[PDB]
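These notes are about the structure you will find just below.
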Amino acid sequence: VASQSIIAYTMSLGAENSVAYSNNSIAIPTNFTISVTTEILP
Amino acid sequence: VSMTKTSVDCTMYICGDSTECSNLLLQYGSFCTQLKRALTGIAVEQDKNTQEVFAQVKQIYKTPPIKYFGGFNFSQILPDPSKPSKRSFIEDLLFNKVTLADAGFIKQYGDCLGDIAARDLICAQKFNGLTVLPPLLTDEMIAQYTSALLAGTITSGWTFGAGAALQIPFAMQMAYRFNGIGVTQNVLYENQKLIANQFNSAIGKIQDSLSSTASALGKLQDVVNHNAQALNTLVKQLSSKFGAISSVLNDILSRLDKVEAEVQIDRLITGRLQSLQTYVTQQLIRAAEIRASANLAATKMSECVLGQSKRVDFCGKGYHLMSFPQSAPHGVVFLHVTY
Amino acid sequence: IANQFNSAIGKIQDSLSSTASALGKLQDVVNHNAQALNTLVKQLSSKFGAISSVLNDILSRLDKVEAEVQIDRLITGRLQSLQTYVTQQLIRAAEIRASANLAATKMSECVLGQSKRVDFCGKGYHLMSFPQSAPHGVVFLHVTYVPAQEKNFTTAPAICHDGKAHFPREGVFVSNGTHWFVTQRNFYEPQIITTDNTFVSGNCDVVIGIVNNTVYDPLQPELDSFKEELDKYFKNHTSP
Amino acid sequence: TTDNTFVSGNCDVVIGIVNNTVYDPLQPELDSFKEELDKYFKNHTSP
Ligand SMILES: *[C@@H]1O[C@H](CO)[C@@H](O[C@@H]2O[C@H](CO)[C@@H](O[C@H]3O[C@H](CO)[C@@H](O)[C@H](O)[C@@H]3O)[C@H](O)[C@H]2NC(C)=O)[C@H](O)[C@H]1NC(C)=O
Ligand SMILES: *[C@@H]1O[C@H](CO)[C@@H](O[C@@H]2O[C@H](CO)[C@@H](O[C@H]3O[C@H](CO)[C@@H](O)[C@H](O)[C@@H]3O)[C@H](O)[C@H]2NC(C)=O)[C@H](O)[C@H]1NC(C)=O
Ligand SMILES: *[C@@H]1O[C@H](CO)[C@@H](O[C@@H]2O[C@H](CO)[C@@H](O[C@H]3O[C@H](CO)[C@@H](O)[C@H](O)[C@@H]3O)[C@H](O)[C@H]2NC(C)=O)[C@H](O)[C@H]1NC(C)=O
Ligand SMILES: *[C@@H]1O[C@H](CO)[C@@H](O[C@@H]2O[C@H](CO)[C@@H](O[C@H]3O[C@H](CO)[C@@H](O)[C@H](O)[C@@H]3O)[C@H](O)[C@H]2NC(C)=O)[C@H](O)[C@H]1NC(C)=O
Ligand SMILES: *[C@@H]1O[C@H](CO)[C@@H](O[C@@H]2O[C@H](CO)[C@@H](O[C@H]3O[C@H](CO)[C@@H](O)[C@H](O)[C@@H]3O)[C@H](O)[C@H]2NC(C)=O)[C@H](O)[C@H]1NC(C)=O
Ligand SMILES: *[C@@H]1O[C@H](CO)[C@@H](O[C@@H]2O[C@H](CO)[C@@H](O[C@H]3O[C@H](CO)[C@@H](O)[C@H](O)[C@@H]3O)[C@H](O)[C@H]2NC(C)=O)[C@H](O)[C@H]1NC(C)=O
Ligand SMILES: *[C@@H]1O[C@H](CO[C@@H]2O[C@@H](C)[C@@H](O)[C@@H](O)[C@@H]2O)[C@@H](O[C@@H]2O[C@H](CO)[C@@H](O)[C@H](O)[C@H]2NC(C)=O)[C@H](O)[C@H]1NC(C)=O
Ligand SMILES: *[C@@H]1O[C@H](CO)[C@@H](O)[C@H](O)[C@H]1NC(C)=O
Ligand SMILES: *[C@@H]1O[C@H](CO)[C@@H](O)[C@H](O)[C@H]1NC(C)=O
């Protein structure tokens with residue numbers, strides 16, 4: 001048995017993410033994606 | 001980036017809970033709803049402005065526990081875990097420079113009665129239906145977005161702006177910035193100790209300047225002062241007679257009957273409704289100036305923090321290397337780093 | 001790249017066909033201008049303290065010195081209703097102007113050019129943008145290169161060889177853990193470290209974190225093949 | 001040097017051009033290989 005309700009919560013800002021930084025480490029992209037996005041202006 | 005949200009009980013401002021004043025106020029039709037709508041429009045926009053300036057990160061980025069960045073010392077602009085709100089050292093100066101007249105949080109009515117109404121204007125404002133609303137993002141919630149923009153920048157350069165964050169050593173990220181201003185990257189690596197010491201001392205001068213001087217955050221304090229002055233002005237116009245025998249609605253209703261009282265009450269309705277229409281027009285005009293500043297601050301965040309700018313003087317006086325955001329009450333401070 | 005673009009344009013049609021309110025930034029302009037005229041025509045019903053709002057009823061029932069104090073109440077209130085509409089429309093007009101100045105700037109910098117401005121022409125590195133018209137507005141289809149499938153590498157700021165320190169001309173140094181390469185910064189494409197991939201400055205003791213590797217000299221193997229050629233001439237030339 | 005610079009045209013189209021040597025990094029190593037080539041011919045006088 002389960003049931004719709006109004007809930008209240010403290011909002012999330014995003015996923016948490018530690019960047020793997022080091023004195024001698026680099027990340028380099030091996031591929032790409034072409035992305036198309038709309039922007040709408042009056 | 002934003003200004004204090006305000007909501008007004010039009011009915012309570014114009015009529016001090018007089019029912020015969022409220023029945024006269026209905027003769028004017030939708031003007032009270034137009035005022036309420038306009039103020040709701042301004043209030044909803046302050047959250048939009050703040051979201052667009054700060055919420056540019058996909059992820060809440062974190063630095064490693066090893067705080068070494070090629071000799072550059074971000075410890076005064078990174079978040080301090082010892083504070084109950086995790087702001088940086090410099091953000092915790094900026095919050096002392098700008099002093100707010102209300103922030104919209106709970107007053108338990110025990111706060112309002114007795115002595116405090118004699119010494120805090122906020123009570124006169126509240127007792128006349130003028131309410132400051134809270135922002136959607138708390139100052140801790142803005143400090144999170146700011147520490148994520150900053151942690152992304154120092155650990156990954158511009159890469160978190162375009163895609164996923166890609167780590168790069170900070171001295172090599174700074175060498176990219178040197179190539180980007182047309183200085184060959186060996187000029188960084190052959191002078192890295194000097195460049196770090198210059199930067200570390202230049203951040204030291206920001207703390208000294210913010211600790212010593214009174215009015216440098218005047219651009220933010222002036223927003224608080226104008227929104228406070230406007231509400232104090234609006235509550236002053238309750239004292240004005242507008243040609244009635246008294247400004248006090250209860251005097252008229254203690255002394256006149258329900259046909260010659262009305263020509264007094266109608267003057268006060270006419271003048272008080274004009275006082276709100278003036279306030280709301282002034283706030284709609286101010287809100288457009290704050291919007292234009294939030295759009296500039298979001299453009300500065302995009303082009304100076306998430307990138308390196310070729311635009312002259314857009315990211316400070318010099319050739320731009322990088323910039324660091326720090327939050328302030330109703331605003332943002334950019335620390336622009338320039339060669 | 002063509003298939004990624006063609007399928008990304010395919011998702012624009014599916015999104016616009018599926019979702020109700022993505023064009024809300026334009027529909028809200030229509031809704032505010034319609035709401036303002038409906039509000040302004042509503043204020044004709046308001047009495048403003050006159051005996052009626054219907055101007056002809058006052059003129060059907062009163063005479064030309066005490067009708068006028070009713071008519072003047074309605075003039076005063078209706079004139080205020082217009083003065084409020086026109087002020088609200090002047091303030092809306094200033095915001096639509098600011099949006100049109102931004103849209104004209106996006107047209108010049110994202111359509112008529114390629115923009116170095118971060119996030120100005122969509123989320124990624126800008127390639128190009130295509131304008132499409134809409135009722136009271138413009139839609140820009142921004143096309144952006146977004147990097148993908150990253151790998152970790154070890155890196156160094158410089159390479160040390162003949163006691164001299166070498167830096168990438170373009171690109172960055174990387175190692176897979178056993179060998180060293182130069183790659184371009186925004187796509188992994190590794191190459192042998194050479195005197196064409198690198199430039200020299202100073203010696204291997206000024207730079208923090210410099211690493212030892214050979215730097216290949218493309219002239220030298222063909223010159224030595226020309227030395228083995230010179231020797232094959234000399235050895236045969238012992239016979240005359 | 002011939003690596004620091006690029007060539008275009010002759011010395012009479014450009015206002016304010018100056019005379020100076022331009023080093024060619026290929027030439028000294030080729031002449032070190034010429035004196036090496038020459039020493040091989042001087043030794044080859046013996047067989
Ligand atoms: C770079 O990213 C590309 C995706 O944007 C990726 O292309 C995709 O490659 C896979 C195969 O690895 C294809 O999948 C199909 O492959 C065959 C049919 O051709 C079938 O066996 C599979 O079941 C499946 O249908 C994708 O169709 C293809 N996508 C596109 C748009 O071409 C590249 O492989 C990636 N390259 C590198 C080096 O990582
Ligand atoms: C990065 O810059 C920081 C700001 O200048 C710097 O912090 C400062 O460090 C010194 C030395 O530790 C502190 O001086 C105090 O040292 C101990 C601390 O318990 C006391 O017993 C002394 O009396 C003295 O007051 C400064 O107070 C401190 N400043 C701040 C604002 O924290 C960091 O050390 C620098 N980081 C690196 C890695 O160099
Ligand atoms: C480029 O500008 C640098 C300043 O931004 C400058 O660095 C400064 O150099 C002087 C010495 O020439 C140092 O002065 C100190 O030197 C020793 C102690 O180390 C003492 O004998 C002196 O009394 C004095 O304390 C400065 O400390 C140093 N500043 C920094 C930030 O490192 C460079 O020398 C300039 N380089 C060139 C090529 O002009
Ligand atoms: C790091 O990248 C290096 C270059 O891609 C790679 O070295 C190469 O390794 C392969 C084997 O995995 C060698 O392939 C050779 O295999 C036999 C060896 O006798 C030959 O007959 C073949 O013709 C072929 O050349 C490559 O020769 C070798 N390249 C070099 C320049 O040594 C490393 O293996 C990579 N390391 C890691 C940890 O991935
Ligand atoms: C990178 O390659 C360099 C060249 O092979 C190497 O430099 C050499 O390092 C050794 C050890 O430091 C030096 O040996 C001398 O060390 C002291 C005197 O400083 C004495 O105790 C020894 O008897 C000996 O004289 C070499 O002289 C030095 N060679 C040069 C040209 O500097 C680096 O150590 C290598 N570094 C890495 C991280 O691989
Ligand atoms: C830069 O170097 C040039 C090469 O040495 C040099 O050009 C030479 O200039 C002289 C004088 O103008 C010419 O001499 C001829 O001048 C006239 C004919 O034009 C006659 O009266 C002379 O007898 C003689 O024939 C050289 O012919 C000319 N050489 C070349 C190759 O053009 C420039 O003068 C130098 N300029 C500077 C500013 O240093
Ligand atoms: C890049 O590598 C880090 C960790 O370093 C790696 O350590 C070895 C196992 C080997 O792979 C080395 O060549 C690398 O340098 C990755 O971060 C870890 O990710 C895992 C999940 O996969 C997570 O559980 C760990 O807690 C992470 N550790 C740290 C220190 O953050 C990172 O994911 C790698 N990034 C990419 C793009 O592959
Ligand atoms: C980076 O180098 C510094 C200086 O030698 C060192 O203190 C620090 O521990 C190094 N970082 C890591 C991840 O070990
Ligand atoms: C030249 O010949 C002598 C012996 O006649 C020999 O000792 C010497 O090594 C030779 N030099 C070369 C460069 O061949």
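Labels used: A, B, ... for chains in the order of the structure tokens, numbers from 1 for residues in each chain, and numbers from 1 for ligands as shown.
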
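Residues of chain A lying within 7 Å of chain C, counting only C-alpha atoms, are residues 24, 25, 26, 27, 28, 29, 30, 31, 32, 33, 34, 35, 36, 37, 38, 39, 40, 41 and 42 of chain A.
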
*asked:* Can you tell me which residues surround residue 20 in chain A at a distance of at most 12 Å, considering only C-alpha atoms, apart from same-chain residues fewer than 5 positions away, and format the answer as a PyMOL selection string?
replied: (chain A and resi 25-27) or (chain B and resi 61-66+151-152+154-156+165-169) or (chain C and resi 151-153)

Include N, CA and C atoms and write out the residues we just selected as an mmCIF file, in the first residue's frame.
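Saved to out.cif:
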data_model
loop_
_atom_site.group_PDB
_atom_site.id
_atom_site.type_symbol
_atom_site.label_atom_id
_atom_site.label_comp_id
_atom_site.auth_asym_id
_atom_site.auth_seq_id
_atom_site.Cartn_x
_atom_site.Cartn_y
_atom_site.Cartn_z
ATOM 1 N N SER A 25 48.739 14.627 -12.100
ATOM 2 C CA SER A 25 47.662 13.925 -12.810
ATOM 3 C C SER A 25 46.872 14.872 -13.702
ATOM 4 N N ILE A 26 46.558 14.454 -14.927
ATOM 5 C CA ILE A 26 45.680 15.172 -15.851
ATOM 6 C C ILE A 26 44.614 14.235 -16.407
ATOM 7 N N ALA A 27 43.389 14.715 -16.587
ATOM 8 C CA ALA A 27 42.365 14.009 -17.345
ATOM 9 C C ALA A 27 42.210 14.638 -18.728
ATOM 10 N N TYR B 61 31.266 20.577 -6.409
ATOM 11 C CA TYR B 61 32.659 20.156 -6.400
ATOM 12 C C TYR B 61 33.327 20.351 -5.033
ATOM 13 N N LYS B 62 34.278 19.472 -4.711
ATOM 14 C CA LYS B 62 35.127 19.519 -3.513
ATOM 15 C C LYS B 62 36.605 19.433 -3.878
ATOM 16 N N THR B 63 37.445 20.162 -3.149
ATOM 17 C CA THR B 63 38.904 19.994 -3.177
ATOM 18 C C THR B 63 39.334 18.717 -2.446
ATOM 19 N N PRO B 64 40.482 18.113 -2.792
ATOM 20 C CA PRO B 64 41.108 17.075 -1.975
ATOM 21 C C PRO B 64 41.428 17.555 -0.551
ATOM 22 N N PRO B 65 41.750 16.643 0.379
ATOM 23 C CA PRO B 65 42.206 17.011 1.715
ATOM 24 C C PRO B 65 43.644 17.560 1.737
ATOM 25 N N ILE B 66 44.453 17.299 0.702
ATOM 26 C CA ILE B 66 45.792 17.888 0.525
ATOM 27 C C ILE B 66 45.654 19.219 -0.222
ATOM 28 N N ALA B 151 36.155 25.460 -5.972
ATOM 29 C CA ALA B 151 36.805 24.156 -5.970
ATOM 30 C C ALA B 151 36.944 23.590 -7.379
ATOM 31 N N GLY B 152 35.934 23.765 -8.231
ATOM 32 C CA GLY B 152 36.011 23.392 -9.635
ATOM 33 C C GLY B 152 37.104 24.164 -10.355
ATOM 34 N N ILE B 154 39.948 25.849 -9.156
ATOM 35 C CA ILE B 154 41.338 25.558 -8.792
ATOM 36 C C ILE B 154 41.743 24.114 -9.091
ATOM 37 N N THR B 155 40.824 23.147 -9.070
ATOM 38 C CA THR B 155 41.170 21.751 -9.386
ATOM 39 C C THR B 155 41.072 21.390 -10.865
ATOM 40 N N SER B 156 40.410 22.187 -11.711
ATOM 41 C CA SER B 156 40.121 21.804 -13.102
ATOM 42 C C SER B 156 40.095 22.940 -14.135
ATOM 43 N N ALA B 165 34.331 18.152 -15.068
ATOM 44 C CA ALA B 165 35.603 18.648 -14.557
ATOM 45 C C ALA B 165 36.725 17.657 -14.878
ATOM 46 N N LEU B 166 37.825 18.144 -15.443
ATOM 47 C CA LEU B 166 39.019 17.367 -15.750
ATOM 48 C C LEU B 166 40.158 17.881 -14.882
ATOM 49 N N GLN B 167 40.761 17.056 -14.028
ATOM 50 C CA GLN B 167 41.837 17.571 -13.195
ATOM 51 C C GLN B 167 43.039 17.953 -14.051
ATOM 52 N N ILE B 168 43.766 18.977 -13.633
ATOM 53 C CA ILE B 168 45.061 19.381 -14.174
ATOM 54 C C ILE B 168 45.862 20.004 -13.026
ATOM 55 N N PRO B 169 47.186 19.808 -12.900
ATOM 56 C CA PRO B 169 47.956 20.430 -11.834
ATOM 57 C C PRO B 169 47.869 21.951 -11.887
ATOM 58 N N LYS C 151 40.205 10.024 -19.945
ATOM 59 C CA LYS C 151 41.138 9.104 -19.286
ATOM 60 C C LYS C 151 42.087 9.891 -18.402
ATOM 61 N N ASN C 152 42.497 9.310 -17.280
ATOM 62 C CA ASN C 152 43.597 9.826 -16.479
ATOM 63 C C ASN C 152 44.936 9.530 -17.152
ATOM 64 N N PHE C 153 45.879 10.448 -17.015
ATOM 65 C CA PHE C 153 47.275 10.294 -17.390
ATOM 66 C C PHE C 153 48.155 10.937 -16.329
#

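DSSP, applied to the backbone of this structure, assigns helix (DSSP H, G or I) to the following residues of chain D: residues 26, 27, 28, 29, 30, 31, 32, 33, 34, 35, 36, 37, 38, 39, 40, 41, 42 and 43 of chain D.
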
Discussion item. Using only C-alpha atoms and all ligand atoms, which residues of the polymer chains come no farther than 7 Å from ligand 3? I'd like the answer as an NGL selection string.
Written reply: :B and (194 or 197-198)

Item to check | Within 6 Å of chain B: residues of chain C, using only C-alpha atoms, as JSON, numbers by chain | outcome: {"C": [46, 47, 48, 49, 118, 124, 146, 147, 206, 207]}

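Using only C-alpha atoms and all ligand atoms, the smallest distance between any of B:212, B:5, B:170, B:93 and ligand 8 comes from B:170.
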
- Message: Using only C-alpha atoms and all ligand atoms, which residues of the polymer chains come no farther than 8 Å from ligand 8? I'd like the answer as a VMD selection string.
- Response: (chain A and resid 21 to 23) or (chain B and resid 66 68 to 70)

Using the selection just defined, write its residues with C-alpha atoms as a PDB file, in the first residue's frame.
ATOM      1  CA  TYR A  21      43.354  16.425  -8.267  1.00  0.00           C
ATOM      2  CA  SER A  22      47.095  15.631  -7.785  1.00  0.00           C
ATOM      3  CA  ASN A  23      50.519  17.310  -8.381  1.00  0.00           C
TER       4      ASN A  23
ATOM      5  CA  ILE B  66      45.792  17.888   0.525  1.00  0.00           C
ATOM      6  CA  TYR B  68      48.665  22.204  -2.189  1.00  0.00           C
ATOM      7  CA  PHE B  69      48.187  24.012  -5.536  1.00  0.00           C
ATOM      8  CA  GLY B  70      51.704  24.654  -6.945  1.00  0.00           C
TER       9      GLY B  70
END

Report task. Check every protein, DNA and RNA residue against ligand 5, keep those with an atom at most 7 Å away (counting only C-alpha atoms and all ligand atoms), and present them as a count of residues only. Result -> 3

Residue contacts of residue 11 in chain A (12 Å, only C-alpha atoms) excluding same-chain residues fewer than 4 positions away, as an mmCIF file with N, CA, C and O atoms, in the first residue's frame:
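Output file out_23.cif is given in full below:
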data_model
loop_
_atom_site.group_PDB
_atom_site.id
_atom_site.type_symbol
_atom_site.label_atom_id
_atom_site.label_comp_id
_atom_site.auth_asym_id
_atom_site.auth_seq_id
_atom_site.Cartn_x
_atom_site.Cartn_y
_atom_site.Cartn_z
ATOM 1 N N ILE A 7 4.898 16.785 0.420
ATOM 2 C CA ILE A 7 6.113 16.703 1.236
ATOM 3 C C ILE A 7 6.852 18.034 1.221
ATOM 4 O O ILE A 7 6.732 18.798 0.266
ATOM 5 N N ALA A 15 24.661 16.919 -7.216
ATOM 6 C CA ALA A 15 25.447 15.797 -6.718
ATOM 7 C C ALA A 15 26.775 16.291 -6.133
ATOM 8 O O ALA A 15 27.388 17.205 -6.676
ATOM 9 N N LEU B 136 15.049 32.400 -1.383
ATOM 10 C CA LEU B 136 14.906 30.948 -1.516
ATOM 11 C C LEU B 136 16.177 30.185 -1.138
ATOM 12 O O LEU B 136 16.089 29.105 -0.569
ATOM 13 N N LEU B 137 17.352 30.734 -1.433
ATOM 14 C CA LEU B 137 18.641 30.139 -1.098
ATOM 15 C C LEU B 137 19.210 30.838 0.134
ATOM 16 O O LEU B 137 19.392 32.053 0.129
ATOM 17 N N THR B 138 19.511 30.078 1.183
ATOM 18 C CA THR B 138 20.125 30.626 2.399
ATOM 19 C C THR B 138 21.570 31.048 2.156
ATOM 20 O O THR B 138 22.199 30.621 1.195
ATOM 21 N N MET B 141 23.639 28.103 1.688
ATOM 22 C CA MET B 141 23.297 27.515 0.404
ATOM 23 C C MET B 141 23.964 28.254 -0.766
ATOM 24 O O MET B 141 24.384 27.637 -1.737
#
